[PDB]
Structures are given as structure tokens and as C-alpha cells.
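Below: the structure, in C-alpha cells.
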Amino acid sequence: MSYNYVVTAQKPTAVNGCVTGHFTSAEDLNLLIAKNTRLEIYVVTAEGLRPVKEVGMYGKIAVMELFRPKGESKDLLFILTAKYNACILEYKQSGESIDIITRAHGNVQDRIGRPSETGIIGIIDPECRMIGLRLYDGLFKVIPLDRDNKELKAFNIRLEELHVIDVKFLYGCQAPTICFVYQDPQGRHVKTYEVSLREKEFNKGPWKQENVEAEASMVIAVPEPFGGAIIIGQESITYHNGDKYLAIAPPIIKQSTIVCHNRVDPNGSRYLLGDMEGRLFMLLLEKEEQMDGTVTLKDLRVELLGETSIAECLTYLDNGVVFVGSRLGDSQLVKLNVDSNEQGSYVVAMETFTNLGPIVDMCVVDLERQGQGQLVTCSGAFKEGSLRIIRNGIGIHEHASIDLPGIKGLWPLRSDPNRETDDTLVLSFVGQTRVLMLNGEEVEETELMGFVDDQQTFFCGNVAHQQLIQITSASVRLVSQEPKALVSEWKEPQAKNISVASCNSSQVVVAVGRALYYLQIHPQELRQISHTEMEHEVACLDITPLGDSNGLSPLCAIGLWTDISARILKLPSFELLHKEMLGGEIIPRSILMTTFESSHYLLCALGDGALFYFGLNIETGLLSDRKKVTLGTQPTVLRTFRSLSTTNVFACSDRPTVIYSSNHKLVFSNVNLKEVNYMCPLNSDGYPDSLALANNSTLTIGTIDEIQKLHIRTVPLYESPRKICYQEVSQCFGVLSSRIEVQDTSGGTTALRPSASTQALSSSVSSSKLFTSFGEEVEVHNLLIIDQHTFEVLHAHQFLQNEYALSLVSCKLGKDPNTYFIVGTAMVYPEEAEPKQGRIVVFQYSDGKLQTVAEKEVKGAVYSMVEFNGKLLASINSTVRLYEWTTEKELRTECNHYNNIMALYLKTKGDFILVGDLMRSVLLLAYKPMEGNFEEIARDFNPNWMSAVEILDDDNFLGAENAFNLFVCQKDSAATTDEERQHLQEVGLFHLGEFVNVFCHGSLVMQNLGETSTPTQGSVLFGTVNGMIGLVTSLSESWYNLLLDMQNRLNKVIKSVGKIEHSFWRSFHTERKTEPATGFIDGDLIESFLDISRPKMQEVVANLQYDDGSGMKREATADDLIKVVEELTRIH
Amino acid sequence: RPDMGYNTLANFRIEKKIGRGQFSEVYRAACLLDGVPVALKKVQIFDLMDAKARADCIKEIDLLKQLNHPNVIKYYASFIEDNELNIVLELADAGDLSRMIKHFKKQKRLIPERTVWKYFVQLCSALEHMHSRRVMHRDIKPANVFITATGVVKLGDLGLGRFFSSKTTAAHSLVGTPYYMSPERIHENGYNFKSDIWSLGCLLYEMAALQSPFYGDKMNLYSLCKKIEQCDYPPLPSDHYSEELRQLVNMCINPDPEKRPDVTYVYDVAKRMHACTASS
Amino acid sequence: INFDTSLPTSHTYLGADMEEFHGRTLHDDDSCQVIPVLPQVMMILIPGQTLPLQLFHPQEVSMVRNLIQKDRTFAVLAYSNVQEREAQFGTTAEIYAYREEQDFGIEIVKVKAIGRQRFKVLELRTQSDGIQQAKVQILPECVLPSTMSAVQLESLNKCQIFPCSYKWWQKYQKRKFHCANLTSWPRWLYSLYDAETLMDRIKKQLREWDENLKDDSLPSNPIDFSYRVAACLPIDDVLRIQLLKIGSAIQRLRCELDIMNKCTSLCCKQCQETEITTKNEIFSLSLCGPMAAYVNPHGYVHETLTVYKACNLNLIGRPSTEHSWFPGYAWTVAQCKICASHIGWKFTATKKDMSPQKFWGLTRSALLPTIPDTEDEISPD
Ligand SMILES: CCN[C@@H]1CC[C@H]2CC[C@@H]1N2c1ccc2c(c1)C(=O)N([C@H]1CCC(=O)NC1=O)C2=O
């Protein structure tokens, strides 16, 4: 009954693996990346990092590595998913079709097994003959590399050792030896084996076990000539080759455990280390020993290089550049100059990949533009706390604002020979045309002698042959550059008037009355070379030069007032190039030939809001390309300015609709402007690459933003973000933060680094009187208040010592005129397992200060706080409690309800209450104001970890649970017996592939009625620990029946990377049971139906029976799907 | 079966027989769940009383269920099994009041005055308990006044035997001599709350003089009625008992029930008087 | 406390040792089974506990004889209301020790039973002979991976194995639940739903009741430690029912850990106000704990809780050795001061050398846990 639909509004941004090799061919330096399911292969070049390809990975990636077998001229790739789907890739490019085809694929999971505690480790044989994977404890999975085993068929070797921390294949061995450090009650020992395929078992290794550091963590198999293996722990590093043994005790590694390692030399003479905190360590090996030409170690010097972002997977790119992969920070790219030593660091940052994860709490809001959501999220962890202010659009920053009484026409003019910069921007009033001098900040209206003033400007610009054409609706009075005299004035022979003055780079063709003629700007003269009339009046005249030549326009497309059709004909003749069937009633408003990505395009923007997007042929003829994407519902105009070395044509309308093609298909990034009527580029000397926003309110000039899908901002906090809530009236945000402070021998705690809490403009410490060792860390929790414009921290509130803040709510309660910031602390002590004295504290932002105008003392710990229709519903410990905000400003408990579970989540709608604990004990309570007490309706219990929950509607409840899954719940109102009425049915199963932390109601698009409503109902968004912001919106029964019956029809044609089916990928995942996904629709797969090729769209639909409007219409062509699928893509 | 606990025969182990009335039999036994000594009272209602008489007997038994006092025999449970109403009480095997009265009679030594009031106040408290809850005894006598080695007095046989004998009034003359007959009972005027104190006065005189107020050798039931109606009993000695001892029994042993005072008057006298000889 | 706590576990009070069985029987999860039911069993049998029975009815002896050649598994219905024989859940129990004695010319068997699996009954049928056969649907023992498994970085996985225990327990949270900065919930909350931390807090209380060491006696498996605590908990029938339905042992430990916390005072079940004993006065006399199931000479158990000081009891009887459950100990019977129910006995040491001198033996079937102050008894999780 749920009938839902899930789409991705933002792909994952935090990486979980990063390698280097020669993937595309022999002579390439690839930098493969995999964030969560986005395998972003690159190519490293001196210019930087050049993207090549991104693929759709149907699975959660955890193991990735480039290995080159023998007989193969380029690196392959090993791909193993968290669902244990294993496939080995092969890059291939055939001219243009970059296809990452797969050599081998298969599943490598076994029936019974307990996944290990140290996770999953996958390593390959340096001779490229073994795949080493440790999936389950006490069992080693190895697969022989050969052409015969294309299915990755596996054989197993029983391990008599349960704990195995880190296992690595060894360098310099006749047979593949593995070296691993593993914990036993005796201690930590490093033991080896000789895995052999002939006997399908293990064998004795090159040496025995060794007693080593009590916190030995990982191995790093040093390559030849040294061989052996190096083992890094929390305290010291060691070398284990058998007879040889070296170990140094470095005092600067003691700060934190070393997690990430990388080899920056093909012979192992150096190594790159990185800890949890994200600082860089240089491990060097010295071959100073030379017995008789053979070299071995002498010392294991360790150096400190610099501080990077908190690192997960390091990688060395040539010329001392490293991609510092991160998960809870910003992925970086740093040059390791060896002579810098500017302050003690050999690290300077070059690049930064914006990372959305980890998202903890977010609020969909409208910062600037009403009616549209600009999602704000809390992202980062520890020192990398930041806010990801996502917005769906490409706005413009107007650097100028001059009031103009409805500017009806603007065009650049350059009355200055040898300038190469805009000088004049002549306007066009209803019956006048003011010419303005604008070199720097000048906005004065200076009229040239070569130009008239009592006319409506329709074409005022610059042409070659030392002639400046200022064409008005009356006549074309061509002016000069140096003398600025009227060389010629081609007037209408019958004193007629041109409806619009159209012109090219070297020719001007106007539409005088019902006839069209071409008048090129001859050198120091003006003449006409053609004269013809059309059947209907030329409402729109468009004669603009095509590519090349730059002296003539091969084709001109026009609109007929009495026909409302695209009339294309030759410029020096009258033979009709082509006629377009699309169009009627309302005449076209503007026509232009667009050359996006060297591809000819022509969108017919009408005066009623219809843009008949189409192509053109420069040589001869024209196409149809039937596609009309609504660029508004108001009169428009198509004006193109480059400003970026590309076409960049934007059609002004009541809403600003921008026409950009991503690679070869137009992506309508609907711009953010008040109301754009006409557009003209202001490329002045003081306005480089800028533009003039000509509106009906005030003529503005400025620089537009980039052509980006979702422009993401970021503001640094330098402390962990916990929660966020939007408060509209106070014009600010509220965020909970936890800066780690070091317990020194002073009785206080010093801040580690300056942060948002430390550097806030105002700080307050709580003074509540209602109720240690050196070197230890203690969290200090804060409420930070940050403005929505500049995101400056305005107040950092310091809680009591050892006080934990769990819940955030912003609302106005009861019958008061001011809204409140209310946070619930929870005093937790290391001795006390479950806290016993929380708190509820009232804040109200006003006059630049945060004050505690009210306070509440409680016995427990508060976990969730919603506003229940004017009254605050705080769930303390495991007793969901109500309140009533009184007139004395003091919370008073009204009703209580003691739960069989721990009231961790609270979601309310109308007069309902949703309660859940950390183990998926979803509870539904109904308030009865006719009695003043709570009640229970249905109570569903299931043992499984639950991340966050949200109510869809009065009947449907949605949550995110363990094992990267999404589920919905629904209570049937037709329960004939109360036993069924006491149960929450489940109908939603879905493997989201992510781990939600928060749900929020809203959308990032302009909320449009659509007259006939929309397929989707509601709009809820969910964040993630990686940043995969998505959207699930309920659907009708027949909408979901169509989409489901064609999503199954998609997968029979579109192929994935690894031949991983969609059924397997999306199916419900639990450690004990798997079930197909039902009651959900994948929007990312559904949106990918557009990019499929045309002849495949014929195989997709053959018996669909799409139409339901009085007739099945089983044919449903192909555009009927594009009618609905394109409609769907507009929700985000 | 522990599910009903004290409420089944299979839980109990019968040892011997300690009593045998006209209709009911009294046993001492224990239970193989706790072993607590008890008083099992088995009667055959199916052969002695009609259906109507059982409702009043059951309802009265329910009143005795709420009777909880250290000076009264505690009521454990009452149930029906094998067509028998089985009632389990607190067993008092240390003896009854009449045992020492005979013992002092054998010693031919008058019981000290201070000793008489020591336990008579305890019996008055027991009499106060069921009189406050509108329950009568009908069988107040030294026979069912038991004392342990601690000196604590309990009052047992709460008229259960006399409830089944209401249809055999003429049979009272063949089994023993009812020396504690009240004037309202012999005249068939019905039993009232003044009959208990009448027996108490006859009990109090017997505790002092070691004889019944209307005792007589070869004395017949007609002669018993004349003495009871005339209240002709030998006077108590004044040298061994004070005036208050003799005055108290005068009101209790009276032909007119209305003249006889309430239990609170007797109990208050019991508390004040006994405290005097405690320090004497 | 020199009682040699192994004695009550050996059940030397039943006579000669029973015949032991080595085979182990288990039913499949969610399977539909048919199992016999003992008509005269009313104990809420927590699996993982051994329950000794003595049978006197010939049908009971006939029933076990049939089961002796069979799988030796029978159900124990946890009657929420015992009067009408209504049962909604149950427990499948195996038999491993039995002994038949021809006492006084009749065949009497004394049998030890071990409970294995909780199950849901769907139909209650009674055969013509009077023996009850129950439809069985085994509840699956849900196993939960750690709450940090799905939100754990694959790089930090090498720090998740570890080598003044307070400083060590502080160092166990900060290195297993370090990834709490990714999710919305704090470090300390995540531990409250972690098995290896709940059993620590339970062991802390148990050491106040027993002088044993946790390493040997108290098990390490969260499933085992969940059933072990529940059986040896001095609780009534109702509080022990909710601990049988719970499927995941992570919930059961939180519920028991709350049962052991709030229920500081105890009262009789026929008074609901007469305090009898507390939780601090409980001390252990068996390897099973202070609680140890003994049977009365006529097939009738008496789970018993030995406490130092107990009140509101009146002493009845004389010290008789008879069948003293505590070897060397006589007893004096006590009953409730108000409701005249049988609370328990007061044992006295006949030998002055041995310890303890006096300890009260209270049957479990007449004690009611009760929160102090005035509030309803609620057990989260
Ligand atoms: C079988 C005859 N018995 C005797 C005649 C009946 C009555 C009175 C004395 C004794 N008796 C008992 C009744 C019930 C029990 C015991 C004795 C007895 O000892 N127990 C328990 C509790 C004490 C203990 O530690 N071990 C037990 O077995 C009973 O349940």
C-alpha cells in the first residue's frame, strides 16, 4: 500500500578505497576512486587530475586494487562488494564508447559463517596468481587466477587460528607466502604459511612466530630487494625476514595509532604513513648494507611530513602528489615538496573534493528564495565539522543595480576602436533608446552623434569593416567607429516598420511589415542583396552566423505570426529550408541556432511559455527532434553569451531557465533570479566575464554562477556537528557540537585547536546548582547559533561539566509571542551506566544574546523532543512524557506514558505519536484530548538495529534499519478485530545501500502545482554517513504499477558493471534472512532510462499498456515513457 | 497441589484424631508443603443440613476468614472435598484453659488473683475482635481457650460445631452438661451478643472457684434451668478476690441480657485492672 | 559460608544417583512439532536450567517411560493463569537424568530435565488418556551483530581487538564504539545495547550475593548468560513470563538488569504489602546461586531463596531433621504474619562449627518483587 519511490539527489562523496596503476592502457597513470558505489577512474597528468569515466556499481564497494597479470598490457581491477559480489574489471575504449567491461564476476560468499571483527581484507599475489580474502573467521578464501576460472570459483583452506588482524602476501618468494599478525592469550604473534594450489592447503613458512609489540596492527610487505615484512603497531615498528630482525622505537608515533600506509617508491625504499588524526609520517628504509652486491636494511627512520585531512586510503601520484582519501573530512591533493619547511610541514594543499558525509542532522529550509528548499546539513567529524548548504540551481550575483522603468531592450555597444572591451550599453524604452557610457563605474547616459535617440532600440552592437550598427525599429542608421558618422541609412521603401531588427555578424535582415530582406553592413556603406516576402508576417526573425566563416549566416529560421511555425529559409534566397509541425496559437517569441558541444540546436521559445527544443543543419535542411521543455509561462527571449569559452545560452523568463548540456544532452539547471525579461552580456573592463541582468524592476549587472546541478556551500566549524534546527523568526540556526578538550594537570581542560565554539563572537557557560586524570579526553557539548546569510557563529553555549546534549528542537509553545530554543541535556557519568538526571533548558534568541528565560529539572536523560500542537513532548529515559507550556514560563507535566522500550525516536503528526528505540521497537501512540491521557493503537516489535524513523502519512511510517536497508510500516484501518488493529504491518523492503542518520520533510525544487497535481505526494529527504542525500515520495497504485512493471523491463536491456542484477542489489539484507524489495521504486534506475539509446527504447516497451485515460493504448510509442519519466526527474 | 496451597486434601498428611463431635471430627495433622501443625475439622453437610442451611454456614465462615488476631486462632482456609467441608485452623496442642483449672483443683490451691487477670484480658481482646465485626461465638468455655508455654491465650471452636446442631436442641442434654447456657438460649429466644459475655462471666467464675456457677452432683437439666434463671451460685471468696472481680461477674451472669454491659466495658476493665497487679 | 555450594546441584536428597544420558536433542527453528506436556508442572522453566521432577501419578510414570525410549524432550507450559490451564508460550525441555524406584510397591521415577528452546503454542489438545500434546512453533533465537558493525570504517577495524578494571572498562568503550561520531547517538548509549557490557554490570551485582569468581562459573556467551541470570532471579511468575517471550538476548539482559535494579523490596503474593525480604540480604548456597530447585518427598519442588534476615514471619513447629535440604540443618516453619500463607522455613545449624547458623528458606511461589515508593513496575526492553 506504501507504493513508494526512492531517488538519489546527491551521490556519495566519501571514499572507501583508492589505488594507482595503468588501467586504460600501458602508458597511463590512473587514480581509481570509489566513494561508496561511484568508481571514479581518473588519469593523472601534470595539469592535475582528469576525469575519464564513472560507472554504476550495483553494490557497496570495500575492496579495490589494480593488478597486472602476465601476458596483459594494462592493469585490471579487482571489485568485491560488501554483499560479496566479486568481479574483475577491464577498461576498454573503442573510439568514443568508453566501456568498463568485466573479465570475471561471481559471488564468493558461503552458506554459514560469522563475519570477522576486523572486517574484510582483500589482497592479491604480487606474482598475480592468488586472490587472498578473509571473509569469515577460521577460514581463508583463495581463488586461482587463470582463464579457466572466469567465474571466480573458489577453494577454501581451513585456518587453525581464529583471530587474524592484518594479513598480507609477501614479496620475493618462490611460492606465495602470507604474513599476518594475530592476537592470542599468550600475546601478539606474527605467523606465516605457504599457500599452494597443488595440494589445496597450507604449508610451512619461511620463519616462526615472534613475540612483538602488544598493539601490533598491520603488515606492509616490503618489496625486493629487501623482502620480508614490516609490522607497524601503536608503539613501535619491526622488520621480520626470518634471520633478520630490526625494530626502532620512535617517540613521535605515540600520539595515535597508524592506520593508512602507502608506498612512494617502486622498490620500497620509502613508505607513507597516516594515523587516525590525519597527519603524515615518512617511513624510510635504508639499504646501506652491501655484502657482496646484495643490499639489506640498516635502520627504519620515521619522519613527520605534515598534517592532512583525516585519512582513510592514501595513494602516491607521481611528482610528489598524494590523494589523501577521507571519509569524515575533505578529500585532498597535496604536493610533498622536500625543501618547504615553512613552519615544520612538508605538505601544502592543492585540491579539495567536497565531501557530504557524515551527515548527522539536517533541516530543509528556504534561506533566500521563497517556495524553494535549500537543504542545510551538518557534516564532518572531529576537526572537519562543516555545513553542506545544498541548493538546486545556478544563481547570479548582481554587482550592479540601476533602476530602469521596465527595460524593453539592452545590447552592448563599443564606440571605441581597438578596445576589445564593452564600452556602451544602450537601453531601449517603450519609445526611446538611451545610450549609456560604461567603461568603469560610469552609468551616465551619453548619446552619440552617429545614433538617434527618439527610437526603440532593437539592434545596437558592433560589426567589422569599421562600422557600428545601431538598428532601430524605424531604420538602420549605421554609424562609424573613428568618425562615428552615418555612413548609410537603409530606410524602408514604403516607410514601413520592422517588427524586430535581426542581424548577423556581417549582415542585418529585418522583418518590415510582412516581408524579409537582408542588408549587410558593406564597408563604409550599406546595401541589400535580397528581397522577398513570406506567406505570413515574420513575428520572429533570426539570421545569425553559424560556425566557421564568421562573415555570413548559412541558415536562418523564422516564425510566422499567422502560422506559429518555424520557417527556415536561405539568407540570400527565399527557398524554404524546413518547416516544423510543432507550434500553434501563440506565436514563437525567440529563435536561435545553438551550438552546444559543437552540436547544432534550435529551441523555439514561444510567447506563452513553450520552448520547442530542436536541432538544425548548417549545410542544408533541418531536423525536428520533438521535445518541448517548459521554460516558464511568460514571454521570453533567447540571448547567448559565452563568458566561459562555450556557448552558455540562457533564455530569460519569469523564472530564469538556463539551457546547458552536460556532455551532449541539455540539463535545464533552472537559474535563481527574480524575473529575467531580456538578457545582454555586460563584458565591461570592470566587469570581466560578467553580465547585465535586465529585469522589469531594476537593470542589474553581475557575474552568474557556474553551470552546476547542486551548488554546495561549506563553512568550517572545526568541531563535530551533532544536531541542527531551523528557526525562521530569529534568522539563525541552532547546532550541537562536541569539541574534544584535553584533561591536563590544571583542574580544567585546554582546547586542542581553535574551533567554532572557541572562536564564536559570544560564549555563555551554564551555571546550574540544582545537584580528572592527566592526558585524558573529555567531550564538552555546546549549542552554537549561526546566521543563515554569512554562517557566522553568533553564540556558543557551554553546558555543565560532563553534560551530554541529546535532543534539539526549535518551536513556539502554548500561548506565547516568542519562539524558543530548547535543548535537553543528559548528565552521563562513567560510573553510572544509565544516566539518572537529565535536564530541559529553555533558550530564546533575541537582541544578539541567548538566555535561559526558563529551566526544567528532570530525573533521567531526554532522548527526543517534538512539539505536540503547542506543547512539548519530551521522552525522558523510557517514559514518553508530555508537558504544557504555562503562562509562568515553566514546563508542567500533564500526561505520562511508561514504555516497555526506550523512547529514543519521536515523530508526531496531527495528534499521533511515533516511538522507537535503538532496536526497531516501533511504537504508535494516540493522544485523546477528550480524556487528557495517552493511548496505544498498534505495537510492532522486531529485533534489529534502527538508525532513524519518520512518519510518511497518517497510516505510513518509514525508517532506516541495520544492514543498509529501508523499511516502511502501515497500520490497517480495516481491522475487523482489535488484535489486528494492535499491529503495524510492514510493506516496504529496500536495500538503500547506505546508513541514514536523519529524515526531513521538504524538497529542493520550486513547489509547482501543475494544475493536474503531481504523481508524487509528500517530500521527505534523508542524509547519510557518506552524503547520499535522497528522496522518497509516495505514489498512486497505478503510478507504482506502471513504474514497477517497466523497472523490471529496464534491467533486461541495460547492463551493469560486474553483471550484478538489480534484484539482488536492492533486496532486503539481514544477517539471517534476505527478501526481495517490495513497495519501493528506484528512481536512479528509472532516471537512467532517458540516457538509454533509441533502438533499446523500442525493446523496453512492447506490451506496456500505458494510457489509462479511456483506452489502454497498448502501443504507447516511446515518448509516452519520456512523458512520464522526464516528469519524474523534476521532483529533484 | 501447591496451586491451591492449603486448599486440598492431597497436600495434607493426617496423623491421628484429636476430637470427635456429634457432627464434626477434629484432627491434628500437617501439610507436605510446609508441615505447619493445623486443626482439620471434617463434617458431612450432605447428610445433616439442607441446602439453605449451608448458605448461612458458608457466609458465616467467610466472616471468620477476616478474623485475624494473635489472641484468636487464625483461619487458614475452608473448602469442600469428598462431600466434606474441611476447615484448617491454628493447632494449639499445648493444652486448654480447663487443663490448669483441673490441675489447680488436684493441687487444691486457689489460683492467685494476679494470675487470673493476666490472661483474662487477653481473652477479652479476643472476644472484642469478633464482637466488633458482628460475629458471635456461642461456645465460650475454658475447653476452647488454649494457652501455649508463652502464656498467650487463643480462643477456638468459633461455633462451627454449634452451627450444625441448631436442629438438635433437644440433643444437648445427652452429650455433656451445658453449664454455660444463657437465659435467652434455653427459653428459645435466640442467640445474641449478650450470650458470649454471659458465658464469659461463667468462665470467669470457674477460673476463680474452679467450679461452674450452676454445678450440681446428680443434677438434672430442669434443675440447671432453675439455677440459671435465679442466678443462684455460691459467692466468691473476698480474701482471695477483690470486689471488682466479684462485681464484674455479677453483671455478666445476669438473667436479663440488657443489664449485662458491652465487651468494651469489660475489656477496658480488663486492661486497667491487670496493669495494677502487674506492678503489685 | 562454608556450605560447599556444589551440594544442592548434585541433588543428593533424591537418593541414589540417576541414570545419565549423553545425547543432546534439538529442534529446528520455526518448525512445527508435537511435544508431550507434564500435567502437574507449573514452574516457568527458563532454558539452560535443570529441573528435577518426582512423579507419583501412574500416567506421569507411563508418559516418561514412553519418552525414555524416545527423544526425551517435553514441553513446560508457562501458565500465565494457572486456574484454567491457559498457556500462550512454552519451553521445550530435555531429560538427561532419571531413576525408577519401586517404593512401597509402586513405580516412582525421579527425573532431571533441562530446558532447551522457547516456543509458541498454537493449539492445546488433550488426548483420551488425559495427556496433553501441544503444537510447537520454535521461536528463533535472534542473533544480532554489534551495533557498530554497519557504521564502522574498514580502516579502523584493526583496533577492535583488545589485550583497576575501571580504567580498562573506560578503555573498552572508547575503542569499540569510537565510530559513534558518524551516527546521531553517543558512545555510552551504544554500550547499553551491547552484550559484553551488560554482563559486566550483572556480574557486579551477583558478586554481592555470591563469593564465587566470574571467570569459571558465570558464562561468557550472551545467550547462556541471559538464561542463567533469569533462572536464578528471585522473581514471581509474572515478571519471569516477559523474560521468556523476548527473542534477542540483548533485550533480555536489559530487562533483567532492570528487574535486579528496581525490585529492591519484596512482599508476599497474597498481601502485596507485607515486606518479607530484600535483594541485599540474599546470599548464595548453590552453584546455581541462592536459588536452587528442590523437590518435596512427594513430587513437589520448592525453589528456595536463602537470606540472612527475614521479617514478618511467625515461627511454627520444632526443628526436625526429616528431609533437611541443607545437609546438617534442621528448620523451623514460618508463615506470613497477615495472610496466613506459607512463606518459608527458618533453618538452624545443629553443628555450631559449620556456617551459617540461621538462614530462612523461602519458597519462590509466595514472594512478590516490588518497587519502593509508589510507581508501577515497568521493565524496559
Ligand atoms: C513426611 C513427614 N514429614 C514430617 C511430618 C509432616 C510435617 C511435620 C513434620 C514433618 N513435616 C514436614 C512437612 C513438609 C516438609 C518437611 C517436613 C520438610 O522437611 N520440607 C522441606 C522444607 C525443609 C527442608 O529443608 N527440606 C524439605 O524437604 C517440607 O516440605
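If you read the protein sequences in the order shown, they are chains A, C and B.
Heads up: the first sequence is residues 1 to 771, 780 to 1140, going by the entry's author numbering.
Quick note: to get the entry's author numbering, add 22 to the position in the second sequence (first position is 1).
Heads up: the third sequence is residues 47 to 209, 219 to 436, going by the entry's author numbering.
Here a beta-carbon is modelled for each residue, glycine too, at the ideal position from N, C-alpha and C.
When you measure from the CB of residue i to every non-hydrogen atom of ligand 1, does any distance come out below 7 Å?
i	result
B/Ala-404	no
C/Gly-27	no
B/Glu-358	no
B/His-378	yes
C/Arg-35	yes
A/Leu-162	no
B/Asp-313	no
C/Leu-54	yes
Are there 16 or more other CB atoms within 10 angstroms of the CB of residue i, so buried, or fewer, so exposed?
i	result
B/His-68	exposed
A/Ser-781	exposed
A/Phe-876	buried
C/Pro-134	exposed
A/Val-509	buried
C/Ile-102	exposed
A/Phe-596	buried
C/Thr-170	exposed
A/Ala-464	exposed
Can you give me the C-alpha to C-alpha distance between residue i and residue j, rounded to a whole angstrom?
i	j	result
C/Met-295	C/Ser-302	11 Å
C/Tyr-201	C/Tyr-237	7 Å
A/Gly-393	A/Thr-703	15 Å
A/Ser-767	A/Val-850	14 Å
A/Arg-1057	B/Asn-203	41 Å
B/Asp-292	C/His-159	40 Å
Spatial neighbours of residue i within its chain, please: CB distance less than 7 Å, with the 5 preceding and 5 following residues excluded, ordered by chain position.
i	result
B/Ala-62	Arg-145
Between which residues of its own chain and residue i is the CB-CB distance below 8 Å, once the five residues before and five after are set aside?
i	result
A/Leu-438	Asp-422, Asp-423, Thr-424, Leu-425, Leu-682 and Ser-684
B/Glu-336	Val-362, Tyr-363, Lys-364 and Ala-365
Report all residues from its chain with a CB closer than 6 Å to the CB of residue i; omit the five preceding and five following residues, and keep chain order.
i	result
C/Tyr-255	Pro-235
A/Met-910	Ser-886 and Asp-925
A/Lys-1067	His-105
Does the region 319 to 334 of chain A come close enough to the region 967 to 986 of chain A that 3 or more CB-CB pairs lie under 8 Å?
-> no
Specify whether the region 10 to 18 of chain A and the region 354 to 374 of chain A touch according to this definition: at least 3 beta carbon pairs, one from each stretch, less than 8 Å apart.
-> yes
May I ask you to verify whether the region 287 to 295 of chain A touches the region 249 to 258 of chain A, counting CB pairs closer than 8 Å and requiring at least 3?
-> Taking 8 Å as the limit for Cβ pairs, the verdict is that the region 249 to 258 of chain A does not touch the region 287 to 295 of chain A.
Validate contact between the region 391 to 410 of chain A and the region 732 to 748 of chain A using beta carbons, cut 8 Å, 3 pairs | no
Are there three or more Cβ pairs, one per stretch, closer than 8 Å when the region 427 to 435 of chain A is compared with the region 445 to 464 of chain A?
-> As far as the Cβ criterion goes, the region 427 to 435 of chain A touches the region 445 to 464 of chain A, which means the pair count is three or higher.
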